[PDB]
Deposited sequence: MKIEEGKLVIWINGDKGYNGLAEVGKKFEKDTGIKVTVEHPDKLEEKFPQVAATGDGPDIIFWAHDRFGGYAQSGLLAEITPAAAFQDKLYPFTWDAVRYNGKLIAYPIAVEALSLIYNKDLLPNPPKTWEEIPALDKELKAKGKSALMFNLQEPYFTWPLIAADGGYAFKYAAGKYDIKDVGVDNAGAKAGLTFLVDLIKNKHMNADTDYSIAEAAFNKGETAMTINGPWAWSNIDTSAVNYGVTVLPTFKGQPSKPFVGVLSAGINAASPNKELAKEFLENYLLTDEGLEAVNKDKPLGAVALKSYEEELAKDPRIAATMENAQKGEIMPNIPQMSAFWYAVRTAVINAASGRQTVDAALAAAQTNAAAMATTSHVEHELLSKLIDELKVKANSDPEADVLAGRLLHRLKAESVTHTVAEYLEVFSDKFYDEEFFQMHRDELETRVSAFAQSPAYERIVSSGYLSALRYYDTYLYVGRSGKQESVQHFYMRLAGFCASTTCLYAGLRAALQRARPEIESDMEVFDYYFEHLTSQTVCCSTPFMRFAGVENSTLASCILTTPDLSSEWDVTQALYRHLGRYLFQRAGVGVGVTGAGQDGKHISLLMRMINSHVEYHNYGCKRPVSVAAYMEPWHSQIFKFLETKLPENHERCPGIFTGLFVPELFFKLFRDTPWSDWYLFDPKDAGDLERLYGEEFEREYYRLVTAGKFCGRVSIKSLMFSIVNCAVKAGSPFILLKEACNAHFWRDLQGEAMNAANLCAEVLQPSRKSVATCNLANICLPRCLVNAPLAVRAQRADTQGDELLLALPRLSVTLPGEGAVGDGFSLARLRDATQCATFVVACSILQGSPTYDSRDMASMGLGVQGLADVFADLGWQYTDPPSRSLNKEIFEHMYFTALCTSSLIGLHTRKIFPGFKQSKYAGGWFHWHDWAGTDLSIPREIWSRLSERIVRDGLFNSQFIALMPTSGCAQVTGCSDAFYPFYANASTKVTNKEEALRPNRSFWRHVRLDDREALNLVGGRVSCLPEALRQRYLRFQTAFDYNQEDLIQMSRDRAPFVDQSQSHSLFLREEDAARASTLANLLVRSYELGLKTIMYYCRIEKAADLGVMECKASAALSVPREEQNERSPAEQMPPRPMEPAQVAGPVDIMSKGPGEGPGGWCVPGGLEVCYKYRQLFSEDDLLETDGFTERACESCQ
C-alpha cells in the first residue's frame, strides 16, 4: 500500500503550512479522511458486527439495519458529508482522535456511522421512553415512525445545527459513562467518585475552614489570600457589598471571617447579607482586617497574571434563580462559571448542547429537509416572526438569519439534552433535576457574515433576539416534554415559574421581540403543565465541539491575520474581522448584560484586554465594577491577555 505513505507525507506537508493557507487545511482534512477510509467501518452491517458487544441488544439498530444503511449511504453522498470532511485538518484530527469510537478489532467507526450512532441513541431514547416520542410528535406533527425520529435527529445533527457536548458525542450508546459534561458540588468538608470520571467539577470550598476542577470561595474567607495565589481553577462568588464599598469610599476596610463561625454569610445573600456582615463586624468576629482596595487589586493582579480567578456576582446568580434561595444561597459554579445550581444537598449536574448560529442563516445549506420550517406544530412558535428583520450590511454573505430554524435547532437540542439527561445521569437526583445548558457558537461568524462589527446596533439587536427566542423555545419545548412525560422537576411547585416568571421579569430596560401576549400564553401553559427542565440557557465556551464545525468559539468575538496591524486600505473592508481585544470591553459587557435577562443560568463572560491596560490594574477594576452595576452573573470568566 504505497498510497498511504504518500497520503501521510502530503498530510504533513499541508498541515505544516495550513495556518496561512485556507485551501491547504481543507485539503489536509480531505486527505486525512481518505487515509483512514479503509480503517473505518463502511457499512451499517459492518458497524454492527465490529461493535456487536455494544449493539447486540440495541433494538433500534437491529430492527432498522436496512433503513439505517439507506440513510447513511444517502448521507455519505450528501453535501453535509462533504462539508464535514471539508471542515479542515483540525476537525478530522479531532474526529479520529476523540469522537470516533474504536472497537476491539481496531476498526474505528466512520463519521457517517458516528452521526448514525448519535441520532440512533437519541431516537432509541425517544421511542423507548414513550413520552419523549409523544412530546416530539406533538412538537413535530410529521414524525410517525421511529425511523422518522432518527431522520429528525440525523438531519439536525449532521447539519450541525445542534452541537452536542463532548461526553455525549463520545459515549452515546457505546459506554455507560455519564453524559453530563458539567458537575458542581458543595460538600460539607463523595467528591472522590466524580474526580475519577471525565467531567469538569466545580467545588465550593468556602466551608473548608482554618480532571479539571474549579474551586470557588467567597472573598470574606479567612484564607482568601492564600486561596488566591497558590490544574485547579479559582472562583470568587463576590458579594455586592464588595463592589459597593470599592466603588465609593475605596478607603473603607474589608473584613475576613473564618468558616468556624462565619455567622450566616455563606448561607444568605442580598440586603440581609449587608445586615449580617455588619452585625458580625460590630460583634467583633472578624479575623481579617484587610483593606478592600488591596483585596480588589490582588484579585485583579491574580486575574491578569493568569485566568485562574473567576468573578461571579452572588446577587445576580442567586436572586435570579427560579427558587427564592434567600435562606440558603449557592456559592459554587461549574468548571466554566456558567452553570448555577444549589449543590449542598446533592451533586448537581448539567447537560450541554450548543447551537451553531451560522447554520441559522437563510443561505446556509442544511441537511434539514425544506418541508420542516412549516408543519412546526407548536402553537407558540407558529406565531413568532422569522427572517429576523435587522437590515444586514452591504458586505453581508448572510441574508437575514432566518430565526425560525434557530427555534427548530433549539427544539432539537432540548430533546437531545432530555435524552442525555434521562439516559446518562449519574444520580437520580440529577436525573430528576434535568438541568439543561443551551449555549451558542458562531455568533461572531453570524455578525461577520451579516457585514457588521460585533458592537454594531444591528448586532446587538440580533443578539438580544437570538437569546430571547432560544430561551422562549427552550421553555416551550421543556413544558411540552414535562407535560407528555409527567417528569416535572421536583421544585416546580411553589417556585417562580409556577406563579408566572421568565427570568427577564427581574431586569430593567428589557425590550422583547415577543409581543408579551405569547409570553403570557407560555406562562399559562407552564403553570398548567409544568417544566421538564429546571435550567434552560447557559453559554458554554464550547472550545471542543466548535473545532469540528468551524463555528466561532461560543458567543465571543474572534480571538483565535493582524487586522489591527494591517494597512488602513485593507482595514475598513476587513473591519468586521476585528479581534475581541480590538472591540471596546464596555460594549462587550453591555451586550452581555443585554443578553443576560434571557439566559436563566450564567454565561462564561470573558474579558479581552491588551498588555497596555491590563498592566494598569485599574481598567480591569472599573470593568468589574461596572459589570456589577449592570447586574451580570459571571462578571469575569477569563481575563484574556494578548
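Original post:
So which bits of the deposited chain never got modelled?
Top reply: No coordinates exist for the deposited residues in 1 to 376, 566 to 577, 599 to 624, 645 to 654, 985 to 1019, 1102 to 1197, so these stretches are absent from the model.
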